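One structure is given here, and the rest of the page talks about it.
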Amino acid sequence: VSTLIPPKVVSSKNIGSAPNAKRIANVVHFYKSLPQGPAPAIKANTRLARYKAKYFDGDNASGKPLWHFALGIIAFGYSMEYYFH
Amino acid sequence: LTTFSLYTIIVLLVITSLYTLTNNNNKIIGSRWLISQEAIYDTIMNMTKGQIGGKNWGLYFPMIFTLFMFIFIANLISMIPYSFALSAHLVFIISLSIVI
């Protein structure tokens, strides 16, 4: 009797394995990926984006904006001492 | 104006800067500064899931977060050696306590 037709019916091996699910994710995801990002934000020259550029970089954990920002509040109230005295 | 009003504005401006230039426009990798405000998020997440844990635990999570951050910033600002202590105007902190 003639061989049956199972080997040639493939359309439930298109969901049949788990990486089909992953495939339909990364055919979208990686295809819509850019070569490099859009932009990281670091500066924009609003003149305080420069503050971010010098101090608040991705790799700058350096305490300098803190010191500067602290010193700003010291400059503020010290003048206000002379506003009240 | 009022001294109290002026320093409340200063606190507001401090709090804004930690989420608008600390970050690198929300870089997934995470910036050195933005790691700080991640850790704060996690320790109040894991604290207020632990305290007021239950079906609702996150419904009062913003309130407990802005009660953290207000006091956390107001105990640095109030410690600058020439600054007007909002917190050492005890009546505001105590009023807030009685309100809650």
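As a convention, Cβ positions derive from the backbone with ideal geometry for all residues, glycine included, and neighbour counts pool all protein chains shown. Every number in this text was worked out from the coordinates using simple rules, so none of it is lab data.
Taking region B:59-87 only, how many residues are part of a loop (DSSP other than H, G, I, E, B) and surrounded by 12 or more Cβ atoms within 10 Å (Cβ to Cβ)?
Quick first cut of region B:59-87, residues part of a loop (DSSP other than H, G, I, E, B) only: B:59-60, B:74-76, B:80-87.
From what's left, surrounded by 12 or more Cβ atoms within 10 Å (Cβ to Cβ): B:60, B:74, B:76, B:80, B:82-87.
Adding up the residues that qualify gives 10.
In region B:18-42, the residues that are more than 9 Å from every other protein chain (Cβ to nearest Cβ) never reach a residue that is assigned to a helix (DSSP H, G or I) and loosely packed, with under 11 Cβ neighbours inside 10 Å with C-beta atoms less than 8 angstrom apart, at least six apart or across chains.
For region A:30-46, a residue qualifies if it is more than 18 Å from B:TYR19 (Cα to Cα) and among the charged types (D, E, K, R), and exactly one does: A:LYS32.
Looking at A:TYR51, A:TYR82, A:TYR31, which one is without any contact (Cβ under 8 Å) to a residue 12 or more places away in the chain and either within 14 Å of chain B (Cβ to nearest Cβ) or under 27 Å from B:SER83 (Cα atoms) (or both)?
Values: A:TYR51 fails: without any contact (Cβ under 8 Å) to a residue 12 or more places away in the chain; A:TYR31 fails: either within 14 Å of chain B (Cβ to nearest Cβ) or under 27 Å from B:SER83 (Cα atoms) (or both).
Sole residue among the options that is without any contact (Cβ under 8 Å) to a residue 12 or more places away in the chain and either within 14 Å of chain B (Cβ to nearest Cβ) or under 27 Å from B:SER83 (Cα atoms) (or both): A:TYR82.
B:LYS55 falls short of the stated requirement of being surrounded by 13 or more Cβ atoms within 10 Å (Cβ to Cβ) and among the basic types (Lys, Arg). In this structure, does B:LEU59 turn out to be over 28 Å from A:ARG50 (Cβ atoms), away from every other protein chain (no Cβ under 13 Å) and free of Cβ contacts under 8 Å to residues at least 40 places away in the same chain? Considered against the rule, which asks whether it is over 28 Å from A:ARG50 (Cβ atoms), away from every other protein chain (no Cβ under 13 Å) and free of Cβ contacts under 8 Å to residues at least 40 places away in the same chain, B:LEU59 comes out as yes. Only residues that are assigned to a loop (DSSP other than H, G, I, E, B) and not aromatic (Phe, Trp, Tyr) were counted in region B:23-58, giving 18. Against the conditions (1) under 18 Å from the mean Cα position of the chain (by Cα); (2) more than 15 Å from B:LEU34 (Cα to Cα); (3) of a type in the set (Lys, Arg), A:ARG47 satisfies every one except (1). When you scan region A:54-79, how many residues do you find that are under 16 Å from A:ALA41 (Cα atoms), crowded, with 16+ Cβ neighbours inside 10 Å and within 8 Å of another protein chain (Cβ to nearest Cβ)? Residues in region A:54-79 being under 16 Å from A:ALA41 (Cα atoms), crowded, with 16+ Cβ neighbours inside 10 Å and within 8 Å of another protein chain (Cβ to nearest Cβ): 4 in total.
Take B:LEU6 and decide whether it is of a type in the set (A, V, I, L, M, F, W, C) and under 15 Å from A:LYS52 (Cβ atoms).
Details: of a type in the set (A, V, I, L, M, F, W, C): yes; under 15 Å from A:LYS52 (Cβ atoms): no.
No.
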